[PDB]
>>> print(open('entry-v7.txt').read())   # compact mmCIF, N, CA and C atoms and all ligand atoms
# COMPACT_ATOMS: atom_id res chain seq x y z
N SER A 1 -31.64 5.23 -8.02
CA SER A 1 -31.22 6.06 -6.90
C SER A 1 -30.35 5.28 -5.92
N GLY A 2 -29.62 5.99 -5.07
CA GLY A 2 -28.75 5.37 -4.08
C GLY A 2 -27.56 6.25 -3.72
N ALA A 3 -27.03 6.09 -2.50
CA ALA A 3 -25.89 6.88 -2.06
C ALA A 3 -25.02 6.02 -1.12
N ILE A 4 -23.74 6.43 -0.97
CA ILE A 4 -22.81 5.85 0.00
C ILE A 4 -22.69 6.87 1.12
N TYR A 5 -22.85 6.43 2.39
CA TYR A 5 -22.72 7.32 3.55
C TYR A 5 -21.50 6.91 4.33
N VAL A 6 -20.42 7.70 4.28
CA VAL A 6 -19.17 7.36 4.96
C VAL A 6 -18.66 8.58 5.71
N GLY A 7 -18.41 8.43 7.02
CA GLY A 7 -17.99 9.57 7.83
C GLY A 7 -19.01 10.70 7.75
N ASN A 8 -18.55 11.93 7.47
CA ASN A 8 -19.48 13.04 7.28
C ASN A 8 -19.69 13.35 5.80
N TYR A 9 -19.69 12.30 4.95
CA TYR A 9 -19.87 12.50 3.50
C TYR A 9 -20.99 11.62 2.96
N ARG A 10 -21.64 12.11 1.89
CA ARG A 10 -22.66 11.37 1.14
C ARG A 10 -22.15 11.38 -0.33
N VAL A 11 -21.97 10.18 -0.94
CA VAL A 11 -21.49 10.08 -2.33
C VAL A 11 -22.66 9.68 -3.20
N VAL A 12 -22.95 10.46 -4.25
CA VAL A 12 -24.08 10.14 -5.12
C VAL A 12 -23.64 10.25 -6.59
N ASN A 13 -24.50 9.77 -7.55
CA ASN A 13 -24.23 10.05 -8.96
C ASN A 13 -24.40 11.57 -9.15
N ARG A 14 -23.44 12.22 -9.80
CA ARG A 14 -23.53 13.67 -10.00
C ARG A 14 -24.84 14.06 -10.71
N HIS A 15 -25.32 13.22 -11.69
CA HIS A 15 -26.54 13.56 -12.44
C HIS A 15 -27.83 13.42 -11.61
N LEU A 16 -27.75 12.80 -10.42
CA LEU A 16 -28.91 12.64 -9.53
C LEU A 16 -28.78 13.50 -8.25
N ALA A 17 -27.72 14.34 -8.13
CA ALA A 17 -27.51 15.14 -6.92
C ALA A 17 -28.69 16.10 -6.73
N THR A 18 -29.09 16.32 -5.49
CA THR A 18 -30.24 17.20 -5.20
C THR A 18 -29.80 18.64 -4.98
N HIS A 19 -30.77 19.60 -4.78
CA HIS A 19 -30.40 20.98 -4.44
C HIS A 19 -29.58 20.99 -3.13
N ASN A 20 -29.98 20.13 -2.16
CA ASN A 20 -29.25 20.03 -0.89
C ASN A 20 -27.82 19.53 -1.06
N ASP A 21 -27.60 18.54 -1.95
CA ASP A 21 -26.23 18.06 -2.22
C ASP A 21 -25.36 19.22 -2.74
N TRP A 22 -25.90 20.00 -3.71
CA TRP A 22 -25.13 21.12 -4.27
C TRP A 22 -24.89 22.24 -3.25
N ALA A 23 -25.85 22.48 -2.34
CA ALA A 23 -25.70 23.49 -1.28
C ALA A 23 -24.66 23.09 -0.19
N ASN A 24 -24.34 21.80 -0.10
CA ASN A 24 -23.36 21.27 0.85
C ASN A 24 -22.21 20.56 0.08
N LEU A 25 -21.86 21.07 -1.11
CA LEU A 25 -20.83 20.49 -1.99
C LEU A 25 -19.42 20.41 -1.37
N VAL A 26 -18.78 19.22 -1.48
CA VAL A 26 -17.39 19.00 -1.08
C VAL A 26 -16.53 18.88 -2.36
N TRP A 27 -17.00 18.05 -3.31
CA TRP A 27 -16.26 17.80 -4.54
C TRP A 27 -17.21 17.20 -5.58
N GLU A 28 -16.98 17.53 -6.85
CA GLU A 28 -17.76 16.93 -7.94
C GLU A 28 -16.87 16.76 -9.16
N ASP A 29 -17.15 15.76 -10.00
CA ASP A 29 -16.37 15.56 -11.21
C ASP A 29 -17.31 15.03 -12.29
N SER A 30 -17.70 15.91 -13.26
CA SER A 30 -18.59 15.52 -14.34
C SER A 30 -18.02 14.33 -15.14
N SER A 31 -16.69 14.31 -15.36
CA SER A 31 -16.08 13.22 -16.13
C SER A 31 -16.19 11.86 -15.44
N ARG A 32 -16.46 11.83 -14.11
CA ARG A 32 -16.63 10.59 -13.35
C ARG A 32 -18.10 10.31 -12.98
N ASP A 33 -19.03 11.29 -13.24
CA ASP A 33 -20.44 11.19 -12.80
C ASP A 33 -20.50 11.05 -11.27
N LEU A 34 -19.57 11.70 -10.52
CA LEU A 34 -19.61 11.65 -9.05
C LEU A 34 -19.79 13.04 -8.41
N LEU A 35 -20.50 13.07 -7.28
CA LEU A 35 -20.61 14.26 -6.45
C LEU A 35 -20.59 13.80 -4.99
N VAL A 36 -19.86 14.54 -4.16
CA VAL A 36 -19.78 14.26 -2.72
C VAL A 36 -20.24 15.53 -1.97
N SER A 37 -21.15 15.34 -1.01
CA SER A 37 -21.66 16.43 -0.19
C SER A 37 -21.42 16.12 1.30
N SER A 38 -21.48 17.17 2.14
CA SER A 38 -21.25 16.96 3.57
C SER A 38 -22.55 16.62 4.33
N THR A 39 -22.45 15.86 5.42
CA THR A 39 -23.63 15.50 6.21
C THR A 39 -23.36 15.86 7.68
N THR A 40 -24.41 15.98 8.48
CA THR A 40 -24.28 16.25 9.91
C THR A 40 -24.19 14.91 10.68
N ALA A 41 -24.91 13.88 10.22
CA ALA A 41 -24.90 12.59 10.89
C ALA A 41 -23.76 11.70 10.37
N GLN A 42 -23.20 10.87 11.25
CA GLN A 42 -22.12 9.96 10.88
C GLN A 42 -22.71 8.87 9.98
N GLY A 43 -22.01 8.57 8.89
CA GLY A 43 -22.42 7.58 7.90
C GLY A 43 -22.26 6.12 8.29
N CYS A 44 -23.06 5.26 7.65
CA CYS A 44 -23.19 3.84 7.89
C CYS A 44 -22.16 2.90 7.16
N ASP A 45 -21.50 3.34 6.08
CA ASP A 45 -20.63 2.54 5.19
C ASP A 45 -19.10 2.61 5.44
N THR A 46 -18.35 1.60 4.90
CA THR A 46 -16.89 1.39 4.86
C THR A 46 -16.44 1.29 3.36
N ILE A 47 -15.33 1.95 2.96
CA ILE A 47 -14.86 1.93 1.56
C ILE A 47 -13.75 0.90 1.40
N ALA A 48 -13.83 0.06 0.37
CA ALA A 48 -12.77 -0.90 0.08
C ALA A 48 -11.50 -0.17 -0.40
N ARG A 49 -10.31 -0.68 -0.03
CA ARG A 49 -9.04 -0.11 -0.53
C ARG A 49 -8.28 -1.35 -1.04
N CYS A 50 -8.54 -1.71 -2.30
CA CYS A 50 -8.08 -3.01 -2.83
C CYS A 50 -8.11 -2.97 -4.38
N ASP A 51 -7.72 -4.12 -5.00
CA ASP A 51 -7.82 -4.23 -6.45
C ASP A 51 -8.77 -5.37 -6.87
N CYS A 52 -9.81 -5.68 -6.06
CA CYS A 52 -10.79 -6.69 -6.45
C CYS A 52 -11.41 -6.40 -7.82
N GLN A 53 -11.71 -7.46 -8.57
CA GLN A 53 -12.43 -7.39 -9.84
C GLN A 53 -13.67 -8.31 -9.83
N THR A 54 -14.12 -8.76 -8.63
CA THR A 54 -15.35 -9.48 -8.44
C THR A 54 -16.03 -8.84 -7.23
N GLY A 55 -17.33 -8.87 -7.28
CA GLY A 55 -18.14 -8.30 -6.21
C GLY A 55 -19.61 -8.59 -6.44
N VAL A 56 -20.46 -7.90 -5.67
CA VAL A 56 -21.91 -8.06 -5.75
C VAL A 56 -22.53 -6.66 -5.81
N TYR A 57 -23.48 -6.44 -6.74
CA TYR A 57 -24.16 -5.12 -6.80
C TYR A 57 -25.67 -5.24 -6.58
N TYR A 58 -26.30 -4.14 -6.11
CA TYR A 58 -27.74 -4.13 -5.95
C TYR A 58 -28.39 -3.57 -7.22
N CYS A 59 -29.35 -4.34 -7.78
CA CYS A 59 -30.07 -3.94 -9.00
C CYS A 59 -31.52 -3.59 -8.61
N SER A 60 -31.84 -2.29 -8.46
CA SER A 60 -33.20 -1.91 -8.04
C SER A 60 -34.30 -2.35 -9.00
N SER A 61 -34.01 -2.38 -10.32
CA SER A 61 -35.00 -2.82 -11.35
C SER A 61 -35.34 -4.33 -11.29
N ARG A 62 -34.64 -5.08 -10.43
CA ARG A 62 -34.97 -6.49 -10.19
C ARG A 62 -35.18 -6.77 -8.66
N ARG A 63 -34.97 -5.75 -7.78
CA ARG A 63 -34.99 -5.89 -6.32
C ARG A 63 -34.08 -7.07 -5.88
N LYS A 64 -32.91 -7.17 -6.51
CA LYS A 64 -32.01 -8.33 -6.24
C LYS A 64 -30.57 -7.88 -6.29
N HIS A 65 -29.67 -8.65 -5.65
CA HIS A 65 -28.24 -8.46 -5.77
C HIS A 65 -27.71 -9.49 -6.76
N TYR A 66 -26.69 -9.11 -7.55
CA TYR A 66 -26.11 -10.05 -8.52
C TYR A 66 -24.59 -10.06 -8.40
N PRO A 67 -23.99 -11.25 -8.54
CA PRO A 67 -22.51 -11.30 -8.52
C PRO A 67 -21.97 -10.84 -9.90
N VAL A 68 -20.83 -10.15 -9.89
CA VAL A 68 -20.25 -9.69 -11.16
C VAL A 68 -18.74 -9.79 -11.19
N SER A 69 -18.19 -9.91 -12.44
CA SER A 69 -16.77 -9.75 -12.71
C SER A 69 -16.67 -8.39 -13.45
N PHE A 70 -15.79 -7.48 -12.99
CA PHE A 70 -15.75 -6.16 -13.59
C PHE A 70 -14.34 -5.75 -13.99
N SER A 71 -14.22 -4.92 -15.05
CA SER A 71 -12.93 -4.42 -15.53
C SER A 71 -12.30 -3.39 -14.55
N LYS A 72 -10.99 -3.15 -14.65
CA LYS A 72 -10.29 -2.16 -13.82
C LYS A 72 -10.86 -0.77 -14.20
N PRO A 73 -10.79 0.21 -13.28
CA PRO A 73 -11.29 1.56 -13.62
C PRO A 73 -10.57 2.11 -14.86
N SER A 74 -11.34 2.63 -15.83
CA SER A 74 -10.71 3.13 -17.05
C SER A 74 -11.59 4.16 -17.74
N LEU A 75 -11.08 4.74 -18.86
CA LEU A 75 -11.77 5.78 -19.63
C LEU A 75 -12.60 5.05 -20.68
N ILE A 76 -13.95 5.17 -20.61
CA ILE A 76 -14.86 4.45 -21.50
C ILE A 76 -15.84 5.40 -22.16
N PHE A 77 -16.08 5.23 -23.48
CA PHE A 77 -17.02 6.09 -24.18
C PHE A 77 -18.45 5.80 -23.69
N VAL A 78 -19.21 6.85 -23.36
CA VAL A 78 -20.59 6.74 -22.88
C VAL A 78 -21.47 7.58 -23.79
N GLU A 79 -22.51 6.96 -24.34
CA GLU A 79 -23.43 7.61 -25.28
C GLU A 79 -24.15 8.78 -24.63
N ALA A 80 -24.61 9.74 -25.46
CA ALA A 80 -25.37 10.89 -24.97
C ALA A 80 -26.63 10.43 -24.25
N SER A 81 -27.02 11.14 -23.18
CA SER A 81 -28.26 10.87 -22.47
C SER A 81 -28.94 12.22 -22.22
N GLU A 82 -30.04 12.23 -21.46
CA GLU A 82 -30.69 13.47 -21.06
C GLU A 82 -29.79 14.27 -20.08
N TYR A 83 -28.73 13.65 -19.52
CA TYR A 83 -27.90 14.33 -18.52
C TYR A 83 -26.54 14.79 -19.00
N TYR A 84 -26.01 14.16 -20.05
CA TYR A 84 -24.68 14.49 -20.53
C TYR A 84 -24.62 14.37 -22.04
N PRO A 85 -23.73 15.15 -22.66
CA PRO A 85 -23.45 14.90 -24.08
C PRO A 85 -22.64 13.59 -24.19
N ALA A 86 -22.49 13.06 -25.43
CA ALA A 86 -21.65 11.87 -25.66
C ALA A 86 -20.21 12.23 -25.22
N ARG A 87 -19.54 11.35 -24.45
CA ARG A 87 -18.24 11.72 -23.89
C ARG A 87 -17.49 10.52 -23.35
N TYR A 88 -16.23 10.71 -22.94
CA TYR A 88 -15.51 9.63 -22.24
C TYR A 88 -15.66 9.85 -20.73
N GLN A 89 -16.11 8.82 -20.03
CA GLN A 89 -16.24 8.88 -18.57
C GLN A 89 -15.03 8.14 -17.98
N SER A 90 -14.33 8.75 -17.02
CA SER A 90 -13.14 8.13 -16.43
C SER A 90 -13.48 7.34 -15.15
N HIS A 91 -12.53 6.47 -14.70
CA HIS A 91 -12.68 5.70 -13.44
C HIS A 91 -13.94 4.82 -13.48
N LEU A 92 -14.30 4.34 -14.68
CA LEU A 92 -15.51 3.53 -14.87
C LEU A 92 -15.13 2.05 -15.02
N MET A 93 -15.92 1.14 -14.42
CA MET A 93 -15.63 -0.31 -14.50
C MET A 93 -16.85 -0.99 -15.11
N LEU A 94 -16.64 -1.80 -16.15
CA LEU A 94 -17.79 -2.44 -16.80
C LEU A 94 -17.94 -3.90 -16.41
N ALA A 95 -19.18 -4.37 -16.42
CA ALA A 95 -19.50 -5.77 -16.15
C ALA A 95 -20.70 -6.20 -16.99
N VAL A 96 -20.89 -7.51 -17.16
CA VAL A 96 -22.08 -8.04 -17.81
C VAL A 96 -23.08 -8.27 -16.65
N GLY A 97 -24.22 -7.60 -16.75
CA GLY A 97 -25.26 -7.63 -15.73
C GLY A 97 -26.42 -6.74 -16.17
N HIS A 98 -27.59 -6.99 -15.62
CA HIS A 98 -28.76 -6.18 -15.95
C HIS A 98 -28.66 -4.80 -15.32
N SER A 99 -29.11 -3.78 -16.05
CA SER A 99 -29.26 -2.44 -15.50
C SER A 99 -30.19 -1.64 -16.42
N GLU A 100 -30.94 -0.75 -15.81
CA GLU A 100 -31.84 0.25 -16.40
C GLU A 100 -31.45 1.63 -15.83
N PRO A 101 -31.84 2.75 -16.48
CA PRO A 101 -31.37 4.08 -15.99
C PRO A 101 -31.54 4.36 -14.47
N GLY A 102 -32.71 4.00 -13.93
CA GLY A 102 -33.04 4.17 -12.52
C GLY A 102 -32.21 3.32 -11.58
N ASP A 103 -31.43 2.37 -12.12
CA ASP A 103 -30.51 1.57 -11.31
C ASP A 103 -29.28 2.35 -10.83
N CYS A 104 -29.03 3.55 -11.40
CA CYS A 104 -27.87 4.34 -10.97
C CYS A 104 -27.92 4.61 -9.46
N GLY A 105 -26.78 4.44 -8.78
CA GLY A 105 -26.72 4.63 -7.33
C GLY A 105 -26.67 3.33 -6.55
N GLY A 106 -26.98 2.19 -7.20
CA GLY A 106 -26.88 0.89 -6.52
C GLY A 106 -25.43 0.60 -6.17
N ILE A 107 -25.18 0.11 -4.96
CA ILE A 107 -23.82 -0.13 -4.51
C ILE A 107 -23.24 -1.43 -5.02
N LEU A 108 -21.96 -1.38 -5.42
CA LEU A 108 -21.16 -2.56 -5.72
C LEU A 108 -20.22 -2.76 -4.49
N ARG A 109 -20.15 -3.97 -3.98
CA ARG A 109 -19.31 -4.25 -2.81
C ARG A 109 -18.50 -5.50 -3.06
N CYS A 110 -17.28 -5.51 -2.52
CA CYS A 110 -16.46 -6.76 -2.48
C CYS A 110 -16.33 -7.13 -0.97
N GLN A 111 -15.55 -8.18 -0.64
CA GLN A 111 -15.35 -8.57 0.76
C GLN A 111 -14.70 -7.44 1.62
N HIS A 112 -14.06 -6.44 0.98
CA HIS A 112 -13.38 -5.36 1.74
C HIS A 112 -14.28 -4.15 2.03
N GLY A 113 -15.42 -4.05 1.35
CA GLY A 113 -16.30 -2.91 1.54
C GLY A 113 -16.85 -2.37 0.23
N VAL A 114 -17.27 -1.11 0.26
CA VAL A 114 -17.85 -0.48 -0.91
C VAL A 114 -16.80 -0.21 -1.97
N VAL A 115 -17.10 -0.59 -3.21
CA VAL A 115 -16.21 -0.39 -4.35
C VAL A 115 -16.65 0.80 -5.22
N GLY A 116 -17.96 0.91 -5.43
CA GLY A 116 -18.49 1.97 -6.29
C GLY A 116 -19.99 1.97 -6.40
N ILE A 117 -20.53 2.76 -7.35
CA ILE A 117 -21.98 2.82 -7.52
C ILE A 117 -22.31 2.69 -9.00
N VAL A 118 -23.47 2.08 -9.32
CA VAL A 118 -23.93 2.00 -10.73
C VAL A 118 -24.00 3.40 -11.33
N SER A 119 -23.43 3.55 -12.55
CA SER A 119 -23.42 4.85 -13.20
C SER A 119 -23.79 4.77 -14.68
N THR A 120 -23.58 3.59 -15.34
CA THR A 120 -23.92 3.46 -16.78
C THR A 120 -24.49 2.04 -17.05
N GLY A 121 -24.99 1.79 -18.27
CA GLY A 121 -25.46 0.46 -18.60
C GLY A 121 -26.12 0.37 -19.95
N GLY A 122 -26.75 -0.76 -20.20
CA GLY A 122 -27.52 -0.98 -21.41
C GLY A 122 -27.17 -2.29 -22.07
N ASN A 123 -28.15 -2.93 -22.69
CA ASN A 123 -27.94 -4.16 -23.47
C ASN A 123 -27.19 -5.27 -22.77
N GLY A 124 -27.54 -5.49 -21.51
CA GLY A 124 -26.92 -6.55 -20.72
C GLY A 124 -25.60 -6.16 -20.09
N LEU A 125 -25.24 -4.85 -20.11
CA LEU A 125 -24.03 -4.37 -19.44
C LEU A 125 -24.41 -3.48 -18.24
N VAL A 126 -23.46 -3.34 -17.28
CA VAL A 126 -23.65 -2.42 -16.17
C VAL A 126 -22.27 -1.80 -15.87
N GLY A 127 -22.24 -0.49 -15.72
CA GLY A 127 -21.00 0.23 -15.44
C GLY A 127 -21.03 0.88 -14.07
N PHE A 128 -19.92 0.80 -13.33
CA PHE A 128 -19.82 1.33 -11.98
C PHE A 128 -18.73 2.43 -11.89
N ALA A 129 -19.07 3.51 -11.23
CA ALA A 129 -18.16 4.61 -10.96
C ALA A 129 -17.33 4.18 -9.73
N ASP A 130 -16.01 4.01 -9.90
CA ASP A 130 -15.13 3.59 -8.78
C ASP A 130 -15.00 4.69 -7.75
N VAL A 131 -14.90 4.31 -6.43
CA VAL A 131 -14.62 5.32 -5.39
C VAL A 131 -13.41 4.91 -4.54
N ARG A 132 -12.76 3.75 -4.84
CA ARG A 132 -11.68 3.25 -4.01
C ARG A 132 -10.45 4.14 -3.98
N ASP A 133 -10.26 4.96 -5.03
CA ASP A 133 -9.10 5.87 -5.06
C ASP A 133 -9.31 7.15 -4.23
N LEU A 134 -10.54 7.42 -3.77
CA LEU A 134 -10.83 8.66 -3.02
C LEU A 134 -10.45 8.46 -1.55
N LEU A 135 -9.15 8.50 -1.27
CA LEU A 135 -8.65 8.19 0.08
C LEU A 135 -9.17 9.12 1.17
N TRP A 136 -9.45 10.39 0.78
CA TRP A 136 -9.93 11.40 1.71
C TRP A 136 -11.33 11.10 2.28
N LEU A 137 -12.10 10.15 1.67
CA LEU A 137 -13.44 9.85 2.20
C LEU A 137 -13.40 9.34 3.64
N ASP A 138 -12.28 8.70 4.03
CA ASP A 138 -12.03 8.07 5.32
C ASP A 138 -11.21 8.85 6.29
N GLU A 139 -10.83 10.08 5.94
CA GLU A 139 -9.94 10.90 6.74
C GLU A 139 -10.59 12.25 7.09
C1 LIG B 201 -27.59 2.33 -15.48
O1 LIG B 201 -27.56 3.22 -16.61
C2 LIG B 201 -28.18 2.83 -17.77
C3 LIG B 201 -28.81 1.60 -17.96
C4 LIG B 201 -29.47 1.33 -19.16
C5 LIG B 201 -29.49 2.27 -20.17
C6 LIG B 201 -28.83 3.47 -19.99
CL1 LIG B 201 -28.76 4.58 -21.32
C7 LIG B 201 -28.16 3.78 -18.81
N1 LIG B 201 -27.42 4.99 -18.66
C8 LIG B 201 -28.00 6.11 -18.14
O2 LIG B 201 -29.19 6.18 -17.86
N2 LIG B 201 -27.16 7.16 -17.90
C9 LIG B 201 -27.64 8.44 -17.34
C10 LIG B 201 -26.35 9.25 -17.20
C11 LIG B 201 -25.28 8.17 -16.98
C12 LIG B 201 -23.84 8.62 -17.16
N3 LIG B 201 -22.98 8.21 -16.23
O3 LIG B 201 -23.49 9.24 -18.16
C13 LIG B 201 -25.70 7.13 -18.02
ZN ZN B 202 -11.87 -5.85 -2.37
>>> encode(input="entry-v7.txt", output="structure tokens", more="lines below")
Ligand SMILES: COc1cccc(Cl)c1NC(=O)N1CC[C@H](C(N)=O)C1
Ligand SMILES: [Zn+2]
Amino acid sequence: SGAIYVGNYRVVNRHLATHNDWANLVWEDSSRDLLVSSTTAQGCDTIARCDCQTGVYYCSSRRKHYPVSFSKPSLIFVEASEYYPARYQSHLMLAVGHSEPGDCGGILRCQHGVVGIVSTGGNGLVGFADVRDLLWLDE
């Protein structure tokens, strides 16, 4: 679990969005595993606008943060799960790092701010859904 709170928006993994997220829907994209909902309170986070490929993510299954090197956002095949059929997920960045299903939502950050959230993983890999291209989150 986990969310990014920026301005009047809450960004979560689309497969973990609640009934309240869907009732206050701003935008969603199944191909990216992202959903954004509106909030009444002003959010706590800042979004990076950069091309960093190193950062630090929070791993809830270890209660620890880990440094990572990650690929540029791209279209990557993701195996079928209880939430989606087998498909290509876009704007996804992969890294070598520990992750378990419940780790989805952990924030990845570089020195400029929030880069994305954990969205995929397995066998010593961790994948993050990029949010740096969503310029409207800050406007
Ligand atoms: C951190 O995620 C994992 C870690 C270890 C093993 C596995 Cl199968 C995962 N993947 C998942 O649980 N999912 C749920 C839906 C999500 C998606 N974006 O399609 C992938
Ligand atoms: Zn950066």
>>> atom_distance(input="entry-v7.txt", atom1="atom C of residue 138 of chain A", atom2="atom CA of residue 52 of chain A")
20.1 Å
>>> closest_residue(input="entry-v7.txt", among="A:93, A:134, A:86, A:35", to="ligand LIG 201 (chain B)", atoms="only C-alpha atoms and all ligand atoms")
A:86
>>> closest_residue(input="entry-v7.txt", among="A:111, A:40, A:31, A:53", to="ligand LIG 201 (chain B)", atoms="all atoms listed in the file")
A:31
>>> atom_distance(input="entry-v7.txt", atom1="atom CA of residue 87 of chain A", atom2="atom C of residue 115 of chain A")
21.7 Å
>>> residues_around(input="entry-v7.txt", residues="residue 23 of chain A", least_positions_apart="5", cutoff="8 Å", atoms="only N, CA and C atoms", output="ChimeraX atom specification")
/A:18,37-38
>>> closest_residue(input="entry-v7.txt", among="A:51, A:133, A:33, A:139", to="ligand LIG 201 (chain B)", atoms="only N, CA and C atoms and all ligand atoms")
A:33
>>> atom_distance(input="entry-v7.txt", atom1="atom CA of residue 94 of chain A", atom2="atom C3 of ligand LIG 201 (chain B)")
11.8 Å
>>> residues_around(input="entry-v7.txt", residues="residue 130 of chain A", least_positions_apart="3", cutoff="8 Å", atoms="only N, CA and C atoms", output="MDAnalysis selection string")
chainID A and resid 32 73:74 90:93 114:119 127 133:134
>>> write_last_selection(input="entry-v7.txt", atoms="N, CA and C atoms", output="mmCIF file, in the coordinates of the input")
data_model
loop_
_atom_site.group_PDB
_atom_site.id
_atom_site.type_symbol
_atom_site.label_atom_id
_atom_site.label_comp_id
_atom_site.auth_asym_id
_atom_site.auth_seq_id
_atom_site.Cartn_x
_atom_site.Cartn_y
_atom_site.Cartn_z
ATOM 1 N N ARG A 32 -16.460 11.830 -14.110
ATOM 2 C CA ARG A 32 -16.630 10.590 -13.350
ATOM 3 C C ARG A 32 -18.100 10.310 -12.980
ATOM 4 N N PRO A 73 -10.790 0.210 -13.280
ATOM 5 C CA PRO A 73 -11.290 1.560 -13.620
ATOM 6 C C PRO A 73 -10.570 2.110 -14.860
ATOM 7 N N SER A 74 -11.340 2.630 -15.830
ATOM 8 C CA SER A 74 -10.710 3.130 -17.050
ATOM 9 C C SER A 74 -11.590 4.160 -17.740
ATOM 10 N N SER A 90 -14.330 8.750 -17.020
ATOM 11 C CA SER A 90 -13.140 8.130 -16.430
ATOM 12 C C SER A 90 -13.480 7.340 -15.150
ATOM 13 N N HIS A 91 -12.530 6.470 -14.700
ATOM 14 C CA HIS A 91 -12.680 5.700 -13.440
ATOM 15 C C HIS A 91 -13.940 4.820 -13.480
ATOM 16 N N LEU A 92 -14.300 4.340 -14.680
ATOM 17 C CA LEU A 92 -15.510 3.530 -14.870
ATOM 18 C C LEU A 92 -15.130 2.050 -15.020
ATOM 19 N N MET A 93 -15.920 1.140 -14.420
ATOM 20 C CA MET A 93 -15.630 -0.310 -14.500
ATOM 21 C C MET A 93 -16.850 -0.990 -15.110
ATOM 22 N N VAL A 114 -17.270 -1.110 0.260
ATOM 23 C CA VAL A 114 -17.850 -0.480 -0.910
ATOM 24 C C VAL A 114 -16.800 -0.210 -1.970
ATOM 25 N N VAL A 115 -17.100 -0.590 -3.210
ATOM 26 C CA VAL A 115 -16.210 -0.390 -4.350
ATOM 27 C C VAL A 115 -16.650 0.800 -5.220
ATOM 28 N N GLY A 116 -17.960 0.910 -5.430
ATOM 29 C CA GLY A 116 -18.490 1.970 -6.290
ATOM 30 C C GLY A 116 -19.990 1.970 -6.400
ATOM 31 N N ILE A 117 -20.530 2.760 -7.350
ATOM 32 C CA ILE A 117 -21.980 2.820 -7.520
ATOM 33 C C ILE A 117 -22.310 2.690 -9.000
ATOM 34 N N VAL A 118 -23.470 2.080 -9.320
ATOM 35 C CA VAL A 118 -23.930 2.000 -10.730
ATOM 36 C C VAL A 118 -24.000 3.400 -11.330
ATOM 37 N N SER A 119 -23.430 3.550 -12.550
ATOM 38 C CA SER A 119 -23.420 4.850 -13.200
ATOM 39 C C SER A 119 -23.790 4.770 -14.680
ATOM 40 N N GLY A 127 -22.240 -0.490 -15.720
ATOM 41 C CA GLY A 127 -21.000 0.230 -15.440
ATOM 42 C C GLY A 127 -21.030 0.880 -14.070
ATOM 43 N N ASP A 133 -10.260 4.960 -5.030
ATOM 44 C CA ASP A 133 -9.100 5.870 -5.060
ATOM 45 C C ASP A 133 -9.310 7.150 -4.230
ATOM 46 N N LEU A 134 -10.540 7.420 -3.770
ATOM 47 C CA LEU A 134 -10.830 8.660 -3.020
ATOM 48 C C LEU A 134 -10.450 8.460 -1.550
#
>>> select_by_dssp(input="entry-v7.txt", residues="segment 40-124 of chain A", states="strand (DSSP E or B)", output="PyMOL selection string")
chain A and resi 47+54-59+64-70+74-78+87-96+107-110+113-122
>>> residues_near_ligand(input="entry-v7.txt", ligand="ligand LIG 201 (chain B)", cutoff="8 Å", atoms="only N, CA and C atoms and all ligand atoms", output="PyMOL selection string")
chain A and resi 13-16+30-34+78-85+87+89+98-105+118-127+129
>>> closest_residue(input="entry-v7.txt", among="A:36, A:137, A:3, A:47", to="ligand ZN 202 (chain B)", atoms="all atoms listed in the file")
A:47
>>> select_by_dssp(input="entry-v7.txt", residues="chain A", states="alpha helix (DSSP H)", output="short mmCIF file (atom, residue, chain, number, x, y, z; two decimals) with N, CA and C atoms, in the coordinates of the input")
data_model
loop_
_atom_site.label_atom_id
_atom_site.label_comp_id
_atom_site.auth_asym_id
_atom_site.auth_seq_id
_atom_site.Cartn_x
_atom_site.Cartn_y
_atom_site.Cartn_z
N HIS A 19 -30.77 19.60 -4.78
CA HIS A 19 -30.40 20.98 -4.44
C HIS A 19 -29.58 20.99 -3.13
N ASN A 20 -29.98 20.13 -2.16
CA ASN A 20 -29.25 20.03 -0.89
C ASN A 20 -27.82 19.53 -1.06
N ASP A 21 -27.60 18.54 -1.95
CA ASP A 21 -26.23 18.06 -2.22
C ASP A 21 -25.36 19.22 -2.74
N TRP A 22 -25.90 20.00 -3.71
CA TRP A 22 -25.13 21.12 -4.27
C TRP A 22 -24.89 22.24 -3.25
N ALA A 23 -25.85 22.48 -2.34
CA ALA A 23 -25.70 23.49 -1.28
C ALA A 23 -24.66 23.09 -0.19
#
>>> closest_residue(input="entry-v7.txt", among="A:96, A:75, A:63, A:49", to="ligand ZN 202 (chain B)", atoms="only N, CA and C atoms and all ligand atoms")
A:49
>>> residues_near_point(input="entry-v7.txt", point="(-22.0, -2.7, -3.0)", cutoff="9 Å", atoms="only C-alpha atoms", output="JSON, numbers by chain")
{"A": [55, 56, 57, 58, 65, 106, 107, 108, 109, 110, 113, 114, 115, 116, 117]}
>>> closest_residue(input="entry-v7.txt", among="A:48, A:17, A:97, A:112", to="residue 2 of chain A", atoms="only C-alpha atoms")
A:17
>>> decode(input="entry-v7.txt", residues="segment 119-131 of chain A", atoms="C-alpha atoms", output="mmCIF file, in the first residue's frame")
data_model
loop_
_atom_site.group_PDB
_atom_site.id
_atom_site.type_symbol
_atom_site.label_atom_id
_atom_site.label_comp_id
_atom_site.auth_asym_id
_atom_site.auth_seq_id
_atom_site.Cartn_x
_atom_site.Cartn_y
_atom_site.Cartn_z
ATOM 1 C CA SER A 119 3.848 -1.354 -9.239
ATOM 2 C CA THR A 120 5.473 -4.711 -10.270
ATOM 3 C CA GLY A 121 8.185 -7.164 -9.113
ATOM 4 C CA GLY A 122 9.380 -10.679 -8.473
ATOM 5 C CA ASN A 123 12.567 -12.758 -8.305
ATOM 6 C CA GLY A 124 14.799 -9.959 -7.090
ATOM 7 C CA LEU A 125 13.277 -7.294 -9.393
ATOM 8 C CA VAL A 126 11.124 -4.246 -8.568
ATOM 9 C CA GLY A 127 9.155 -2.147 -11.090
ATOM 10 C CA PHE A 128 7.982 1.451 -10.588
ATOM 11 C CA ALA A 129 5.133 3.289 -12.326
ATOM 12 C CA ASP A 130 6.610 6.700 -13.411
ATOM 13 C CA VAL A 131 4.687 9.906 -12.572
#
